[PDB]
Number of protein chains: 2
Amino acid sequence: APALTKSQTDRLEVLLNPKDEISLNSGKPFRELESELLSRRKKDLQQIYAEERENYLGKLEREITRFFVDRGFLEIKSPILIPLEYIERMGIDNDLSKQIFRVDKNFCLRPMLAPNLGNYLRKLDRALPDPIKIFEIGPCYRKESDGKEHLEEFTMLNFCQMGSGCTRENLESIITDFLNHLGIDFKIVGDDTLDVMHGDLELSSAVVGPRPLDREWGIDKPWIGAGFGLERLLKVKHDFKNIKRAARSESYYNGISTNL
Amino acid sequence: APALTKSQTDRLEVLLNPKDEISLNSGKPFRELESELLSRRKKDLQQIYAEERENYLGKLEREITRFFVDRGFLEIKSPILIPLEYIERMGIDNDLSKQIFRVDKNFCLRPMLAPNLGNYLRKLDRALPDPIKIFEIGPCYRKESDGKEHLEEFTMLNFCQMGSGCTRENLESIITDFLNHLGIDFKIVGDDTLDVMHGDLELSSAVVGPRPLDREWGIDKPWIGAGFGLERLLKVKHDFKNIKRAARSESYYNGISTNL
Ligand SMILES: Nc1ncnc2c1ncn2[C@@H]1O[C@@H](COP(=O)(O)OC(=O)[C@H](N)CCCCNC(=O)OC[C@H]2C[C@H]3C=C[C@@H]2C3)[C@H](O)[C@H]1O
Ligand SMILES: Nc1ncnc2c1ncn2[C@@H]1O[C@@H](COP(=O)(O)OC(=O)[C@H](N)CCCCNC(=O)OC[C@H]2C[C@H]3C=C[C@@H]2C3)[C@H](O)[C@H]1O
Ligand SMILES: [Mg+2]
Ligand SMILES: [Mg+2]
C-alpha cells in the first residue's frame, strides 16, 4: 500500500463531500478510492436531477428575496455594468483601484451594489413614504488579492433603509432575524461600522450612517445598510472547504464536481 | 393653448403608462399635463411599495425557473464573465465580433448562454440519465447595432435537451406550453431553425440539432434548444413602447419612471 501522492489526494479532495466519512490514509489504492467517490458523486447528481433540480445559488437568492420583500423591502435590479465615475464618486481615485474590471473608457463591472442603491434612495425619496427600504441581489466583480475566501465573480446582497428607524439596534435586529432565518451562526463585531463574522470568515460589512460622502449621492437623511456575500453564506451553510464550490462555475454544481 | 413642443411631448412620454387613457393634443398646458402624470406615477410606486414589492425582471426569472424545474429541467448558474476562446469556438473569428465586450486579453462578457450550456451537457452526460434537460437564465452582453429593440445589457433564458425526444414537435410543444403559461401571444416561423415572433418582435431563436460544430463541445447526440429574452417578454406582457422600460435601470422601476 504506497501512500497517496499529493496530486492524488488533491484529486480525491475534488470528489470529496463533507458528510462522506472517508479518511484517505487507510490502505486502499488511489484507483479504488477514486472509483468509490465517483460512484457516490454520480448518485448525488442523479438525486438532484430526479428530485430537487434547483441551483443552490439561485435558490438562496430567492429565499433571501422572499425574506426582504416580506419585511417591507423593495426589490431592485439595477445595471451590472456601470460608469467608472460612480466608483470615483465613492471616495476612490485611479491610485483598491487595481481591483476593478474596466470594460471601456467610461465603464466597469460593478464591484459593489451601494452606488446604484444610493441613486435609487435619492430618486424614491420623491415618491415613497418614510422609511424607505430597498435591497438588491446580484453579481459583483473584483480582481483578487487573496483568493482563499475571495472570488473574482461573486453575488452580493445589499439592503438599505433611509429616514426613520435607522439605528444600530435596528440594523442588528434585521441582521439577526435574517441569519437566524437562514440557520447560520454568527457574531457581530466592528472594524458605526460593523462586521458580521462566522469564525474568521466575514459574512457582511454593515454601516449606520450618515457618512460624509452621502452628499455626493444627494443623500442627507439617516440610513443603515449591509452587504452580504451569497457564496460565503453557502460555504458556511453547506460546510464547503473551498468557496469555489459555491460559485458560478463549470466545475461544480451545488458543490459536486462536474469532472466525473 | 400653444401646441406642445417636441421636447415637452418627449417628457410626457417618459411619464406615460399604456393604460392611462390620456391624449396629449387636448388643450391644457404642459405644466398641468406633467403635474397630472407625476401624481399618478408617484401613486403607482406607492402601491408597489405598499403591496407587491417585487421587481418585474426578478419576478419573471422566478416564474420561468419554476416552470422549467417542474417540467424536469436542471437550473444552471454559470459564469457571466467567460473566455474569448468559447466565442472563437462558436464559429466566430476576430473579423458579429465588434459586438463583444472584452474585459481582458482572454476574457469577455458573455453574449450568449449556449457555450456554457454545451460544457454542462458534455459533463453531465457522464452522470445523468437520458434525456438530459437543463436551462439557464441570466445576463448577456452585446454592443448594439440597432437599439430600437436591443439592449446592451439583457437577460436571456436558454433551455436545452440532449439525447432522446429531441424533435421539432417536442421543441414546439415546450415553447407553446411555455408562452401559453406566461400568457404571451406568438407564432413560430423559421429563419431546422425556428423563430418565435410576436408581430415584428423576435422573442426567441430556436434550433433542433445536430449542428456540425457540435464536436467542438464534445457533443455527438441529438439536441434541441431555444433562447428567449426576458426584457422582450416583459415589453410584450406589459405593453411597453420602449424595451428600456423592461431593463435593469436606474431610470425605470417596473416600467415607471424614477425621474419624478
Ligand atoms: N471578492 C469576494 N468574494 C466573495 N465575497 C465577497 C468578495 N468581496 C466581498 N464579498 C462579500 O460581500 C461583502 C460585503 O462587501 P464589503 O464588505 O466589501 O462591503 C461592501 O463592498 C459594501 N459596500 C458594504 C455595504 C455596507 C453598507 N453600505 C451601504 O448600504 O451603501 C449605502 C449607500 C446608499 C447611499 C447612502 C450611502 C451609499 C449611498 C461581504 O463581507 C463578503 O461576504
Ligand atoms: N441585444 C438584445 N437585447 C434584448 N434581447 C436580445 C438581445 N439580443 C438577443 N436578445 C434576445 O435573446 C434572443 C435569443 O438570442 P439569439 O436569437 O441571439 O440566439 C442566441 O444568441 C442563442 N445562441 C440562441 C439559442 C438557440 C439554441 N442554441 C442552443 O441551445 O445552444 C446549444 C448549445 C448546447 C450545445 C449543443 C450546441 C451548443 C452547445 C432572443 O431572440 C431575443 O429575445
Ligand atoms: Mg468589508
Ligand atoms: Mg436570433
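In what follows, every chain begins at residue 1, and chains take the letters A, B, ... in the order their sequences are listed. Quick note: numbers below take in every heavy atom, side chains included, and nothing from hydrogens, waters or symmetry partners.
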Which residues share a side chain to side chain contact (heavy atoms under 4.5 Å, CB included) with A/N254, sequence neighbours left out: A/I48, A/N55, A/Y56
Basic-acidic side-chain contact under 4.0 Å: A/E61, A/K77: yes
B/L230 side chain near B/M156 side chain, heavy-atom distance below 4.5 Å: no
A/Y49 backbone acceptor or donor facing A/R53 side chain under 3.5 Å: yes
A/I174 side chain near A/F68 side chain, heavy-atom distance below 4.5 Å: yes
Check: B/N106 main-chain N/O paired with B/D104 side-chain donor or acceptor under 3.5 Å: no
All side-chain hydrogen bond (donor to acceptor under 3.5 Å, both in side chains) counterparts of B/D70, not counting sequence neighbours: B/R66
A/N158 side-chain N/O to A/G225 backbone N/O, donor-acceptor pair under 3.5 Å: no
Results of ring pair (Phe, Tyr, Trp, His ring centres under 6.0 Å) for A/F67 - residues two or more places apart only: A/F178, A/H181
Contact check, side chains of B/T258 and B/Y252, non-hydrogen atoms, under 4.5 Å: no
Side chain A/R142, main chain A/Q99, donor-acceptor under 3.5 Å: no
Taking every non-hydrogen atom, the tightest pair across B/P115 and B/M112: CD-CG, 3.8 Å
Steps toward side-chain contact (heavy atoms from CB on, under 4.5 Å) verdict (A/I100, A/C108): CA-CA 7 Å; A/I100 276 61; A/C108 74; 3.7 Å; yes
Separation of B/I80 CD1 from A/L109 CG (nearest 0.5 Å): 9.0 Å
Check: B/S204 side chain, B/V196 main-chain N or O, donor-acceptor pair, under 3.5 Å: no
Heavy-atom check, side chain of A/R40 versus side chain of A/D20, under 4.5 Å: yes
Atom pair CD (A/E144) and CG (A/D146), whose distance is rounded to the nearest 0.5 Å: 7.0 Å
B/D130 bridged to B/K221 by N-O distance under 4.0 Å: no
CG on A/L60 to NZ on A/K237, rounded to 0.5 Å: 7.0 Å
Pair B/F101-B/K143, side-chain contact (heavy atoms from CB on, under 4.5 Å): steps then yes or no: CA-CA 7 Å; B/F101 290 90; B/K143 277 142 115 112; 3.3 Å; yes
Enumerate donor-acceptor pairs with a distance under 3.5 Å from any side-chain N or O in residues 132-141 of chain B to protein atoms, sequence neighbours excluded.
from   : atom 1 : to     : atom 2 : distance (Å)
B/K133 : NZ     : B/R71  : O      : 3.4
B/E136 : OE1    : B/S78  : OG     : 2.4
B/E136 : OE2    : B/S78  : N      : 2.9
B/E136 : OE2    : B/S78  : OG     : 2.9
B/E136 : OE2    : B/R110 : NH1    : 3.0
B/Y141 : OH     : B/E153 : OE2    : 2.9

A/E34: partners by side chain to side chain contact (heavy atoms under 4.5 Å, CB included), with sequence neighbours left out: A/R11, A/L12, A/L15, A/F30, A/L38
Derivation of the side-chain contact (heavy atoms from CB on, under 4.5 Å) call for B/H198 and B/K235: CA-CA 11 Å; B/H198 179 94; B/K235 177 169 191 287; over 6 Å; no
Closest non-hydrogen atom pair, B/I224 against B/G165: CD1-O, 4.3 Å
Set of salt bridge (charged side-chain N to carboxylate O under 4.0 Å, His left out) partners for A/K6, sequence neighbours left out: A/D10
Residue pair B/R168 / B/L194, side-chain heavy-atom distance below 4.5 Å: yes
Distance (rounded to the nearest 0.5 Å) between B/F228 CZ and B/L182 CG: 8.5 Å
Check: A/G255 main-chain N/O paired with A/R245 side-chain donor or acceptor under 3.5 Å: yes
Where A/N116 and A/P79 come nearest, the two heavy atoms and their spacing: ND2-O, 3.0 Å
B/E216 side chain vs B/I219 backbone, donor-acceptor pair below 3.5 Å: no
Derivation and outcome, side-chain contact (heavy atoms from CB on, under 4.5 Å), residues B/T193 and B/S205: CA-CA 8 Å; B/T193 311; B/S205 288; 6.0 Å; no
Test salt bridge (charged side-chain N to carboxylate O under 4.0 Å, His left out) applied to B/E52 - qualifying residues, sequence neighbours left out: B/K59
A/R41 bridged to A/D44 by N-O distance under 4.0 Å: yes
Exam field: side chain A/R232 to backbone A/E149, donor-acceptor pair closer than 3.5 Å: yes
Which residues share a side chain to side chain contact (heavy atoms under 4.5 Å, CB included) with A/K43, sequence neighbours left out: A/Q46
A/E32: partners by side chain to side chain contact (heavy atoms under 4.5 Å, CB included), with sequence neighbours left out: A/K28, A/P29
Contact summary for A/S257 and A/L45, nearest pair of heavy atoms: O-CD1, 4.3 Å
Student check: side-chain heavy atoms of B/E231 and B/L57 closer than 4.5 Å: yes
Beyond-backbone contact of A/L37 with A/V14, side-chain heavy atoms, under 4.5 angstrom: no
Shortest non-hydrogen contact between B/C166 and B/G163, atoms and distance: SG-O, 3.5 Å
Residue list, side-chain hydrogen bond (donor to acceptor under 3.5 Å, both in side chains) with B/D185, at least two apart or on another chain: none
Residues that A/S39 engages under side-chain hydrogen bond (donor to acceptor under 3.5 Å, both in side chains), provided they are two or more places apart: none
Heavy-atom check, side chain of A/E75 versus side chain of A/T65, under 4.5 Å: yes
Shortest non-hydrogen contact between B/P210 and B/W223, atoms and distance: CA-NE1, 3.7 Å
Distance in Å, B/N242 CG paired with B/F240 CZ, rounded so as to fall on 0.5 Å steps: 10.5 Å
Pairwise distance CE(B/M162) to CG(B/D214) - rounded to 0.5 angstrom: 10.0 Å
side-chain hydrogen bond (donor to acceptor under 3.5 Å, both in side chains) involving A/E250 - partner list, sequence neighbours excluded: B/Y86, B/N119
